[PDB]
Amino acid sequence: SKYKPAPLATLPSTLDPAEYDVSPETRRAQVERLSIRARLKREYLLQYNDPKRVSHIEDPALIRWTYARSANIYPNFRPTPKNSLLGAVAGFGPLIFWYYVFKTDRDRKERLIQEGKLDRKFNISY
Amino acid sequence: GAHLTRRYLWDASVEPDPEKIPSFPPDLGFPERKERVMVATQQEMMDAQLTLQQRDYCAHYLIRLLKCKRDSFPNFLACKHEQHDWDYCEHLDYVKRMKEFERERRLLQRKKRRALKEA
Amino acid sequence: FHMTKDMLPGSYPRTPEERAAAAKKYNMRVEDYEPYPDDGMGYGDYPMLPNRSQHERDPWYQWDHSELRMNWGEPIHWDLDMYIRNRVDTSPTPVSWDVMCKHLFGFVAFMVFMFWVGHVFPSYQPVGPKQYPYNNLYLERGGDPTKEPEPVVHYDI
Amino acid sequence: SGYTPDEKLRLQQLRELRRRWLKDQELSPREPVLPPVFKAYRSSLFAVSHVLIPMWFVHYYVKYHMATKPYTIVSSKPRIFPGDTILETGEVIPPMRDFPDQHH
Amino acid sequence: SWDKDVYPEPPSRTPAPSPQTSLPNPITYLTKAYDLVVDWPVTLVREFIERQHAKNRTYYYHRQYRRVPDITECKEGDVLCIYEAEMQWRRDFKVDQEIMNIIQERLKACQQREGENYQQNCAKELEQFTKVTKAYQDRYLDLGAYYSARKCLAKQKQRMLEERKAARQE
Amino acid sequence: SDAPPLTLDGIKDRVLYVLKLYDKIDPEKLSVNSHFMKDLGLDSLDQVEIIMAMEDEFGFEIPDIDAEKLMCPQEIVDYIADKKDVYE
Amino acid sequence: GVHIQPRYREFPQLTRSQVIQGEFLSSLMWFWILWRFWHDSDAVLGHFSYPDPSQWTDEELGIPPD
Amino acid sequence: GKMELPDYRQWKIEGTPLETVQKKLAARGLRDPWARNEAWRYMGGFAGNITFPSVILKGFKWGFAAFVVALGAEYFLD
Amino acid sequence: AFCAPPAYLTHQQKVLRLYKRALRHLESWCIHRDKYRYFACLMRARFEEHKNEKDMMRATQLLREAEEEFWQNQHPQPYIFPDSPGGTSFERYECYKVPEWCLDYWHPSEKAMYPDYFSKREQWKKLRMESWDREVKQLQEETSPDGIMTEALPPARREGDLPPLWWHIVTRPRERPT
Amino acid sequence: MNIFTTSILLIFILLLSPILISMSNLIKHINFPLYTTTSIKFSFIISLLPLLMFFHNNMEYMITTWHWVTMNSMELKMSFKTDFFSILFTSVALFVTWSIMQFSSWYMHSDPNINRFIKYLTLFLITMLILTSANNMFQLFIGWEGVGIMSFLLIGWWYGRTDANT
Amino acid sequence: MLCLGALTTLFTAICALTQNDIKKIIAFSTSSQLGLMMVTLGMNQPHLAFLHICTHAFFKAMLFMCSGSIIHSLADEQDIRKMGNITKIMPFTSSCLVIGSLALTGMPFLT
Amino acid sequence: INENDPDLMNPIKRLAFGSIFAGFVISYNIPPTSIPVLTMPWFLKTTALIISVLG
Ligand SMILES: CCCCCCCCCCCCO[C@@H]1O[C@H](CO)[C@@H](O[C@H]2O[C@H](CO)[C@@H](O)[C@H](O)[C@H]2O)[C@H](O)[C@H]1O
Ligand SMILES: CCCCCCCCCCCCO[C@@H]1O[C@H](CO)[C@@H](O[C@H]2O[C@H](CO)[C@@H](O)[C@H](O)[C@H]2O)[C@H](O)[C@H]1O
Ligand SMILES: *C(=O)CCCCCCCCCCCCC
């Protein structure tokens with residue numbers, strides 16, 4: 001029996017111990033969260049239903065997300081031993097691996113052509 | 001079949017290897033064994049446009065079946081006899097191949113018997 | 001523009017007063033807000049939100065962003081576009097992730113193993129090889145007419 | 001529990017408006033105001049326009065633009081059996097041998 | 001029409017026919033209806049067109065190029081002589097491409113024509129395609145995107161020197 | 001497709017029809033405004049089954065958040081009418 | 001299109017056409033199966049006898065005595 | 001028009017499989033208050049049993065009838 | 001879909017939701033109606049035996065163990081109504097739910113084909129424009145002092161007032177639009 | 001070989017005419033689903049003639065209708081392999097499609113874009129016949145990728161549904 | 001080809017045994033028949049694998065048509081757990097459904 | 001339930017005929033191709049029918 005969560009198969013709420021907690025500390029957090037959601041919902045709806053609106057509704061959360069994933073990246077980058085090692089391996093690693101695949105293969109192909117044991121029968125286009 | 005559960009789950013030296021048939025010389029046991037006869041000429045099979053799979057020792061019966069089908073068109077049910085003749089010839093050919101498998105199975109039995117006596 | 005620097009993502013919050021200002025920026029509670037670890041990988045103070053796909057958002061609630069199942073104004077997960085309902089699903093399954101992986105690769109490994117068994121113990125009929133006339137159709141198969149073939153003779157059994 | 005007395009009231013007011021909006025979606029008799037032979041014959045006239053006439057154009061192209069160019073229409077050879085006569089030459093193919101017959 | 005020598009076609013050999021059954025062959029009747037409803041009106045339109053063509057008969061000619069000195073006879077750095085020789089080589093290279101296309105066209109037509117007999121009755125077309133392909137590879141293989149008369153000549157001399165070396169050792 | 005459109009009277013008839021086949025309700029004292037808990041004396045577990053029988057009757061689901069508030073047959077009729085855009 | 005009226009909780013009324021056409025095709029299937037099985041039973045049960053290898057004499061197979 | 005519903009008083013579980021279920025429940029002190037809501041599925045035109053042979057052998061009778069008439073023709077045209 | 005959820009579910013709400021799920025997954029296992037009715041009554045008896053548990057801490061523990069039991073006895077492929085989340089017809093008609101503001105771009109030749117519809121639409125637009133200012137004021141007036149807020153909206157208290165934020169509810173596309 | 005060749009080419013022409021009509025203003029003055037079913041119905045009937053001539057003489061064809069472009073010593077030609085596999089698949093596919101297209105009229109009667117649905121099914125059939133009659137791999141790859149795109153458009157027909165687009 | 005086809009013909013037959021969507025059962029039927037075509041190709045029987053394409057096209061299209069007939073009449077319901085008794089209430093669709101199933105399962109002398 | 005439209009019944013009826021007769025008509029018209037093996041034990045000849053019925 002028993003369900004073991006995984007990152008791609010998460011724990012159900014019904015099996016979550018934190019869903020059955022009724023302590024006033026938690027209930028105050030849950031009420032506080034809904035107050036934030038309700039105020040945001042009200043602001044959105046007042047814009048949405050306003051009969052004088054002429055344009056779409058600006059979405060500051062989406063602007064922050066797209067900003068965080070582009071312009072904000074480099075100012076918040078710090079070279080660390082893990083960054084540097086990862087950058088060098090990811091950046092150059094595949095380049096070196098594929099160099100030896102193509103170089104080794106093409107060296108052998110030339111070796112066979114010089115000494116006549118490459119079967120070029122009908123190959124006339126290249 | 002039984003032949004598979006004997007080659008496996010048992011000894012295999014007395015059971016034929018399906019790719020190594022015929023293992024023994026053809027004359028062994030037949031004094032003047034006759035070569036198989038082929039009715040259809042190479043030209044006839046070529047002109048009838050038989051596929052190489054179809055150019056076996058029954059091609060003459062296949063050639064009439066094809067001939068009948070072309071003549072009997074549009075009546076596509078009129079070639080029942082010729083189809084039966086071709087099928088029967090292929091059946092005898094198949095039995096012939098069953099005899100060869102049985103012949104080798106018995107020769108390998110004899111080889112195991114006469115080898116035991118030698119030592 | 002509307003987005004002043006105080007309304008846009010910034011650098012990692014270093015003081016509890018900067019943590020509070022960041023939480024207010026992202027419409028979160030200070031206790032709920034937490035940034036990514038300070039690794040210098042470019043996250044800054046962007047909130048580190050739980051790794052659940054939008055498949056797990058309540059499908060009956062009337063979300064402002066209907067398809068995304070997001071409300072307007074709430075902070076967007078860093079990998080939202082990976083977690084949209086057209087892409088990666090993290091929703092709970094009736095069977096544990098580990099059990100599915102064991103059964104799937106157990107089934108695959110068993111079948112692959114035992115195709116090999118069927119290869120070394122083939123099924124065939126007690127029949128000799130098919131025979132073809134004319135030196136096994138040497139000319140028809142493309143053999144050179146000039147060179148004499150090696151004779152192949154079949155007998156009547 | 002059930003609707004609060006305020007929830008009951010709101011749903012009543014929206015229900016009155018929604019049902020009026022849905023009623024308004026109906027079209028009047030004049031709307032939309034749009035500005036202004038036996039069977040088998042219909043099968044016949046379709047055939048002329050969508051079989052006969054295109055077949056004149058396709059046959060023209062095949063006869064006088066494809067059959068007039070080498071190797072554009074290449075057929076496999078017809079089957080010739082023992083005992084046939086070839087029209088182009090007139091030769092007769094010799095019959096086959098004798099097997100001799102067999103019975104199932 | 002076309003040249004039966006460039007694009008050879010074997011003569012047709014169509015059987016009788018010799019129908020056995022008493023049923024009527026639908027293809028025979030459909031062809032007669034087709035030859036009346038479809039073939040006959042199309043021929044009249046074509047014959048009208050051909051009659052108009054003969055009243056406005058014009059002619060065109062296949063262009064002839066006189067040979068110019070080869071790249072072998074050009075002094076290096078002589079751009080005027082190299083240009084004419086190089087342009088001649090490009091014309092010949094193009095004509096070689098179409099000779100390959102003709103030989104492949106014969107091969108494909110013969111395979112289709114021979115059907116189940118292609119492995120035996122295509123021997124001459126397959127051998128010509130093999131010979132003409134060998135000759136093509138010797139002239140042009142590995143010249144590269146900047147192929148030219150100078151590179152073709154350098155490729156030939158490299159092959160000739162190797163052939164000579166092998167023969168001398170013999 | 002071939003099904004007729006729903007009607008306010010048609011929904012009402014089938015909502016009361018389903019309730020008349022519930023042994024824990026006497027048909028005679030059932031009206032559109034009969035509160036399930038007060039007037040009819042049914043507990044909360046019963047109200048779950050009444051909604052589950054309504055979903056089966058009309059072939060569509062009522063979310064739990066909305067179902068928990070339907071405490072008389074007229075509320076059920078109103079809910080089905082607003083879901084299916086019934087207006088007369 | 002015949003405009004069948006809907007029914008509530010009762011078995012509906014079936015038109016003659018959908019019953020007859022449904023019955024004709026089922027009957028056509030069984031006529032064909034029986035008519036074919038009458039004429040081509042060997043295609044299901046086999047036609048040619050399968051020989052028994054063991055009952056082939058050593059003289060047929062050219063087995064020399066040990 | 002206006003669809004008229006059948007009288008609800010007719011949906012009685014007597015003689016149907018739902019009665020067998022009520023017997024089993026009554027043994028342990030329970031009864032099904034919704035059993036009449038399902039009774040329409042078991043009575044009327046829906047009453048009966050559908051055996052797998054009956055579904056497969058639909059049309060066998062007239063298929064076999066036509067079979068002997070056609071067989072009669074072949075034993076007469078020949 | 002019409003009512004917003006609360007901050008948290010009371011213990012009673014969680015139990016009644018498990019009851020509805022448990023029956024629905026039972027129905028998926030049983031298929032046949034007589035079999036389902038038998039086991040549906042057995043299922044209710046299990047919820048009844050602990051109905052009057054007054055411990056709370058035991059009641060919460062009984063909820064835990066039932067939910068753990070549900071996950072193990074869950075149907076892998078439960079029945080879903082065709083229009084429900086995960087059903088086969090879910091969101092099938094969203095490509096046909098054209099919002100009403102699209103009509104503001106119709107050409108006059110397009111509008112001339114429905115002279116009566118577009119006269120009524122003007123009345124609904126005039127009604128909307130007049131009511132907006134009162135609607136905004138009512139929501140401002142009815143804000144609670146303590147920050148605790150919910151998504152529930154008030155009705156129209158006075159006469160001639162429409163409930164605040166009604167346009168997106170009242171004028172929404174039909175379920176079956178075309 | 002003129003009647004045979006004409007029949008093979010006429011099948012494609014008949015299947016294009018519903019596509020051609022869709023681009024005109026004539027599509028809204030006719031019953032388009034009925035017109036498209038008739039075009040496919042006739043196209044099946046025409047396809048029975050090459051089926052009969054093959055059943056008779058078993059002759060196979062390589063048909064070239066258009067020279068597209070020569071890449072030095074490689075000529076790309078629109079060409080057709082009209083053999084056993086192609087002749088019989090054409091007759092079977094046209095027959096089945098004739099049933100599907102008539103059925104779609106009843107099944108999708110309430111869809112406001114029935115005309116586009118009918119058009120997409122016709123395009124799928126054209127790409128499938130390109131796929132099964134092609135004499136060369138490039139022409140085959142046209143049909144191979146064509147049916148992929150048409151299946152994508154038809155699977156995701158109700159495009160407001162997230163699950164359909166996935 | 002032989003082993004790939006055989007794995008597909010079994011794997012998708014297992015999947016179909018417990019499906020509840022009528023269209024999913026028929027879909028997995030298709031993958032299982034395609035696996036059998038791939039097995040036939042692996043035995044060096046290209047013309048038999050092609051002849052199964054042509055015969056398969058008939059009864060499978062009918063099966064989908066008949067299920068679409070049922071789905072349409074039951075208000076877009078595809079789950080078999082909410083069907084039942086179709087043999088009596090839809091006589092024509094049921095008869096063609098049984099004909100198609102008998103052709104799929106190899107009933108003698110059907111397609 | 002309404003299955004009386006001709007646009008539903010005729011297309012299905014056309015494919016029901018194909019599902020009964022098409023195999024027979026195609027099988028007897030196509031040219032011979034691969035040589036079938038028609039010699040085998042009774043249990044190999046009837047294997048398809050037996051396992052289908054057993055299923
Ligand atoms: C595919 C393309 C490949 C891209 C390159 C991949 C390799 C990346 C690894 C580079 C390793 C060198 O990484 C090096 O780390 C140090 C660590 O402080 C950084 O140093 C950083 O802090 C120092 C202070 O100490 C400053 O003087 C410096 O200007 C600042 O960048 C260097 O600026 C960076 O260049
Ligand atoms: C050579 C080819 C031969 C083709 C053969 C075609 C035969 C055609 C027969 C059509 C039959 C029509 O006759 C039809 O018979 C069935 C009997 O099943 C009757 O059907 C009645 O009895 C049957 C029992 O068999 C019940 O299953 C059914 O519910 C009931 O309605 C129909 O009311 C009647 O209309
Ligand atoms: C020996 O002949 C090997 C052939 C493979 C046998 C596989 C099993 C086939 C099942 C036959 C049904 C038996 C009915 C008595």
# chains A, B, ... in the order shown; residues from 1 in each chain; ligands from 1
>>> residues_around(residues="stretch 33-42 of chain J", least_positions_apart="5", cutoff="6 Å", atoms="only C-alpha atoms", output="ChimeraX atom specification")
/J:18,98,101
>>> write_last_selection(atoms="C-alpha atoms", output="PDB file, in the first residue's frame")
ATOM      1  CA  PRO J  18     -14.054  20.455 -54.394  1.00  0.00           C
ATOM      2  CA  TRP J  98     -17.286   7.986 -49.874  1.00  0.00           C
ATOM      3  CA  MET J 101     -17.952  11.855 -46.290  1.00  0.00           C
TER       4      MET J 101
END
>>> residues_around(residues="residue G:18", least_positions_apart="6", cutoff="12 Å", atoms="only C-alpha atoms", output="number ranges by chain")
G: 2, 24-25; K: 88-96; L: 1-6, 8-10, 13
>>> write_last_selection(atoms="N, CA, C and O atoms", output="PDB file, in the first residue's frame")
ATOM      1  N   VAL G   2     -37.348  11.481 -39.825  1.00  0.00           N
ATOM      2  CA  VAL G   2     -38.750  11.142 -39.628  1.00  0.00           C
ATOM      3  C   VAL G   2     -39.344  11.831 -38.410  1.00  0.00           C
ATOM      4  O   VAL G   2     -40.548  11.704 -38.168  1.00  0.00           O
ATOM      5  N   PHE G  24     -32.328  -7.425 -42.452  1.00  0.00           N
ATOM      6  CA  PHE G  24     -31.883  -7.907 -43.751  1.00  0.00           C
ATOM      7  C   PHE G  24     -30.377  -8.128 -43.768  1.00  0.00           C
ATOM      8  O   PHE G  24     -29.900  -9.161 -44.246  1.00  0.00           O
ATOM      9  N   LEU G  25     -29.608  -7.174 -43.244  1.00  0.00           N
ATOM     10  CA  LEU G  25     -28.155  -7.297 -43.292  1.00  0.00           C
ATOM     11  C   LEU G  25     -27.664  -8.447 -42.429  1.00  0.00           C
ATOM     12  O   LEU G  25     -26.732  -9.158 -42.811  1.00  0.00           O
TER      13      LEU G  25
ATOM     14  N   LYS K  88     -31.403  -3.757 -28.871  1.00  0.00           N
ATOM     15  CA  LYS K  88     -32.848  -3.645 -29.000  1.00  0.00           C
ATOM     16  C   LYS K  88     -33.298  -2.244 -29.370  1.00  0.00           C
ATOM     17  O   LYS K  88     -34.237  -2.090 -30.151  1.00  0.00           O
ATOM     18  N   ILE K  89     -32.641  -1.221 -28.835  1.00  0.00           N
ATOM     19  CA  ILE K  89     -33.074   0.150 -29.063  1.00  0.00           C
ATOM     20  C   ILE K  89     -32.475   0.763 -30.323  1.00  0.00           C
ATOM     21  O   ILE K  89     -33.002   1.766 -30.819  1.00  0.00           O
ATOM     22  N   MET K  90     -31.396   0.197 -30.856  1.00  0.00           N
ATOM     23  CA  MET K  90     -30.798   0.640 -32.116  1.00  0.00           C
ATOM     24  C   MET K  90     -30.535  -0.586 -32.976  1.00  0.00           C
ATOM     25  O   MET K  90     -29.387  -1.003 -33.148  1.00  0.00           O
ATOM     26  N   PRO K  91     -31.586  -1.198 -33.522  1.00  0.00           N
ATOM     27  CA  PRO K  91     -31.398  -2.473 -34.229  1.00  0.00           C
ATOM     28  C   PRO K  91     -30.447  -2.407 -35.409  1.00  0.00           C
ATOM     29  O   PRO K  91     -29.683  -3.351 -35.630  1.00  0.00           O
ATOM     30  N   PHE K  92     -30.480  -1.330 -36.193  1.00  0.00           N
ATOM     31  CA  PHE K  92     -29.648  -1.276 -37.388  1.00  0.00           C
ATOM     32  C   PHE K  92     -28.183  -1.085 -37.025  1.00  0.00           C
ATOM     33  O   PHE K  92     -27.309  -1.780 -37.546  1.00  0.00           O
ATOM     34  N   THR K  93     -27.895  -0.146 -36.128  1.00  0.00           N
ATOM     35  CA  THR K  93     -26.515   0.081 -35.724  1.00  0.00           C
ATOM     36  C   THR K  93     -25.936  -1.146 -35.042  1.00  0.00           C
ATOM     37  O   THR K  93     -24.765  -1.481 -35.239  1.00  0.00           O
ATOM     38  N   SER K  94     -26.735  -1.826 -34.227  1.00  0.00           N
ATOM     39  CA  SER K  94     -26.252  -3.021 -33.552  1.00  0.00           C
ATOM     40  C   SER K  94     -25.932  -4.134 -34.535  1.00  0.00           C
ATOM     41  O   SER K  94     -24.948  -4.855 -34.360  1.00  0.00           O
ATOM     42  N   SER K  95     -26.766  -4.318 -35.555  1.00  0.00           N
ATOM     43  CA  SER K  95     -26.532  -5.406 -36.494  1.00  0.00           C
ATOM     44  C   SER K  95     -25.242  -5.190 -37.263  1.00  0.00           C
ATOM     45  O   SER K  95     -24.489  -6.137 -37.505  1.00  0.00           O
ATOM     46  N   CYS K  96     -24.972  -3.952 -37.666  1.00  0.00           N
ATOM     47  CA  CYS K  96     -23.727  -3.660 -38.359  1.00  0.00           C
ATOM     48  C   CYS K  96     -22.535  -3.730 -37.420  1.00  0.00           C
ATOM     49  O   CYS K  96     -21.439  -4.098 -37.845  1.00  0.00           O
TER      50      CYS K  96
ATOM     51  N   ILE L   1     -33.264   8.735 -29.343  1.00  0.00           N
ATOM     52  CA  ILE L   1     -32.425   8.009 -30.286  1.00  0.00           C
ATOM     53  C   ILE L   1     -33.090   8.042 -31.651  1.00  0.00           C
ATOM     54  O   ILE L   1     -34.291   7.784 -31.774  1.00  0.00           O
ATOM     55  N   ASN L   2     -32.311   8.358 -32.680  1.00  0.00           N
ATOM     56  CA  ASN L   2     -32.829   8.404 -34.043  1.00  0.00           C
ATOM     57  C   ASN L   2     -31.728   7.963 -34.993  1.00  0.00           C
ATOM     58  O   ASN L   2     -30.785   8.718 -35.234  1.00  0.00           O
ATOM     59  N   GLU L   3     -31.855   6.762 -35.538  1.00  0.00           N
ATOM     60  CA  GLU L   3     -30.924   6.228 -36.522  1.00  0.00           C
ATOM     61  C   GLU L   3     -31.630   5.973 -37.843  1.00  0.00           C
ATOM     62  O   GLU L   3     -31.448   4.933 -38.474  1.00  0.00           O
ATOM     63  N   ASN L   4     -32.453   6.927 -38.275  1.00  0.00           N
ATOM     64  CA  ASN L   4     -33.253   6.788 -39.482  1.00  0.00           C
ATOM     65  C   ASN L   4     -32.818   7.702 -40.615  1.00  0.00           C
ATOM     66  O   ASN L   4     -33.395   7.620 -41.704  1.00  0.00           O
ATOM     67  N   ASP L   5     -31.839   8.568 -40.404  1.00  0.00           N
ATOM     68  CA  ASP L   5     -31.380   9.422 -41.487  1.00  0.00           C
ATOM     69  C   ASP L   5     -30.771   8.558 -42.588  1.00  0.00           C
ATOM     70  O   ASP L   5     -29.982   7.657 -42.288  1.00  0.00           O
ATOM     71  N   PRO L   6     -31.120   8.775 -43.861  1.00  0.00           N
ATOM     72  CA  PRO L   6     -30.386   8.079 -44.928  1.00  0.00           C
ATOM     73  C   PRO L   6     -28.902   8.407 -44.978  1.00  0.00           C
ATOM     74  O   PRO L   6     -28.110   7.554 -45.391  1.00  0.00           O
ATOM     75  N   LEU L   8     -26.975   8.495 -42.603  1.00  0.00           N
ATOM     76  CA  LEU L   8     -26.348   7.574 -41.666  1.00  0.00           C
ATOM     77  C   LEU L   8     -26.466   6.128 -42.129  1.00  0.00           C
ATOM     78  O   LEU L   8     -25.480   5.391 -42.112  1.00  0.00           O
ATOM     79  N   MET L   9     -27.653   5.710 -42.567  1.00  0.00           N
ATOM     80  CA  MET L   9     -27.887   4.294 -42.832  1.00  0.00           C
ATOM     81  C   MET L   9     -27.223   3.835 -44.123  1.00  0.00           C
ATOM     82  O   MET L   9     -26.630   2.754 -44.166  1.00  0.00           O
ATOM     83  N   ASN L  10     -27.327   4.623 -45.189  1.00  0.00           N
ATOM     84  CA  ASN L  10     -26.750   4.202 -46.464  1.00  0.00           C
ATOM     85  C   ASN L  10     -25.241   4.047 -46.402  1.00  0.00           C
ATOM     86  O   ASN L  10     -24.731   3.029 -46.898  1.00  0.00           O
ATOM     87  N   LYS L  13     -24.510   0.861 -44.519  1.00  0.00           N
ATOM     88  CA  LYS L  13     -24.962  -0.291 -45.281  1.00  0.00           C
ATOM     89  C   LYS L  13     -23.996  -0.613 -46.418  1.00  0.00           C
ATOM     90  O   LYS L  13     -23.758  -1.786 -46.726  1.00  0.00           O
TER      91      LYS L  13
END
>>> interface_residues(of="chain B", to="chain D", cutoff="9 Å", atoms="only C-alpha atoms", output="PyMOL selection string")
chain B and resi 38-41+44-50+60+63-64+66-67+84-85+88-89
>>> write_last_selection(atoms="N, CA, C and O atoms", output="mmCIF file, in the first residue's frame")
data_model
loop_
_atom_site.group_PDB
_atom_site.id
_atom_site.type_symbol
_atom_site.label_atom_id
_atom_site.label_comp_id
_atom_site.auth_asym_id
_atom_site.auth_seq_id
_atom_site.Cartn_x
_atom_site.Cartn_y
_atom_site.Cartn_z
ATOM 1 N N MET B 38 11.326 -31.054 -64.812
ATOM 2 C CA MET B 38 10.738 -29.723 -64.886
ATOM 3 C C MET B 38 10.004 -29.590 -66.209
ATOM 4 O O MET B 38 10.628 -29.607 -67.274
ATOM 5 N N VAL B 39 8.683 -29.433 -66.139
ATOM 6 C CA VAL B 39 7.881 -29.381 -67.354
ATOM 7 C C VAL B 39 8.131 -28.086 -68.114
ATOM 8 O O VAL B 39 8.366 -28.097 -69.327
ATOM 9 N N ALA B 40 8.080 -26.953 -67.422
ATOM 10 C CA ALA B 40 8.098 -25.664 -68.092
ATOM 11 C C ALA B 40 9.515 -25.255 -68.457
ATOM 12 O O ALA B 40 10.447 -25.408 -67.666
ATOM 13 N N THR B 41 9.671 -24.738 -69.670
ATOM 14 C CA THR B 41 10.953 -24.215 -70.102
ATOM 15 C C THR B 41 11.221 -22.861 -69.456
ATOM 16 O O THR B 41 10.314 -22.181 -68.976
ATOM 17 N N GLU B 44 9.179 -20.269 -71.139
ATOM 18 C CA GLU B 44 7.760 -20.226 -70.805
ATOM 19 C C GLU B 44 7.523 -19.470 -69.509
ATOM 20 O O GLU B 44 6.593 -18.665 -69.413
ATOM 21 N N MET B 45 8.348 -19.724 -68.498
ATOM 22 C CA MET B 45 8.207 -19.009 -67.238
ATOM 23 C C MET B 45 8.512 -17.529 -67.415
ATOM 24 O O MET B 45 7.856 -16.676 -66.813
ATOM 25 N N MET B 46 9.508 -17.205 -68.233
ATOM 26 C CA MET B 46 9.828 -15.809 -68.488
ATOM 27 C C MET B 46 8.684 -15.101 -69.198
ATOM 28 O O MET B 46 8.340 -13.967 -68.852
ATOM 29 N N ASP B 47 8.085 -15.748 -70.194
ATOM 30 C CA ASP B 47 7.024 -15.100 -70.956
ATOM 31 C C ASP B 47 5.753 -14.951 -70.137
ATOM 32 O O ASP B 47 5.016 -13.979 -70.314
ATOM 33 N N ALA B 48 5.469 -15.900 -69.255
ATOM 34 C CA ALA B 48 4.310 -15.788 -68.385
ATOM 35 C C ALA B 48 4.519 -14.791 -67.258
ATOM 36 O O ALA B 48 3.579 -14.529 -66.504
ATOM 37 N N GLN B 49 5.724 -14.241 -67.122
ATOM 38 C CA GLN B 49 6.021 -13.217 -66.126
ATOM 39 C C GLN B 49 5.845 -13.758 -64.712
ATOM 40 O O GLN B 49 5.392 -13.057 -63.811
ATOM 41 N N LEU B 50 6.207 -15.018 -64.517
ATOM 42 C CA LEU B 50 6.196 -15.597 -63.184
ATOM 43 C C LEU B 50 7.262 -14.942 -62.320
ATOM 44 O O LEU B 50 8.373 -14.675 -62.780
ATOM 45 N N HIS B 60 4.316 -25.230 -64.339
ATOM 46 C CA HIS B 60 3.461 -25.556 -65.474
ATOM 47 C C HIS B 60 1.990 -25.489 -65.091
ATOM 48 O O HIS B 60 1.152 -25.054 -65.885
ATOM 49 N N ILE B 63 0.986 -21.912 -64.844
ATOM 50 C CA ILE B 63 0.850 -21.225 -66.122
ATOM 51 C C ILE B 63 -0.546 -21.419 -66.696
ATOM 52 O O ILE B 63 -1.102 -20.500 -67.306
ATOM 53 N N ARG B 64 -1.141 -22.605 -66.530
ATOM 54 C CA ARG B 64 -2.518 -22.760 -66.994
ATOM 55 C C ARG B 64 -3.498 -21.974 -66.137
ATOM 56 O O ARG B 64 -4.482 -21.440 -66.656
ATOM 57 N N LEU B 66 -3.000 -19.103 -64.646
ATOM 58 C CA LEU B 66 -2.942 -17.732 -65.139
ATOM 59 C C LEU B 66 -3.604 -17.618 -66.502
ATOM 60 O O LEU B 66 -4.312 -16.645 -66.779
ATOM 61 N N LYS B 67 -3.369 -18.597 -67.374
ATOM 62 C CA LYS B 67 -3.975 -18.582 -68.699
ATOM 63 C C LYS B 67 -5.492 -18.646 -68.603
ATOM 64 O O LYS B 67 -6.198 -17.937 -69.326
ATOM 65 N N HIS B 84 -7.169 -25.742 -58.196
ATOM 66 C CA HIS B 84 -7.009 -26.992 -57.466
ATOM 67 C C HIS B 84 -5.813 -27.783 -57.972
ATOM 68 O O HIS B 84 -5.072 -28.370 -57.178
ATOM 69 N N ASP B 85 -5.614 -27.824 -59.289
ATOM 70 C CA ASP B 85 -4.474 -28.551 -59.836
ATOM 71 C C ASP B 85 -3.162 -27.949 -59.355
ATOM 72 O O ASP B 85 -2.250 -28.671 -58.942
ATOM 73 N N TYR B 88 -2.661 -28.767 -55.644
ATOM 74 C CA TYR B 88 -2.288 -30.154 -55.400
ATOM 75 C C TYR B 88 -0.828 -30.402 -55.744
ATOM 76 O O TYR B 88 -0.120 -31.091 -55.005
ATOM 77 N N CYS B 89 -0.355 -29.853 -56.861
ATOM 78 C CA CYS B 89 1.048 -30.026 -57.212
ATOM 79 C C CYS B 89 1.948 -29.442 -56.135
ATOM 80 O O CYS B 89 2.951 -30.052 -55.755
#
>>> residues_near_ligand(ligand="ligand 1", cutoff="8 Å", atoms="only C-alpha atoms and all ligand atoms", output="number ranges by chain")
A: 78-81, 83-92
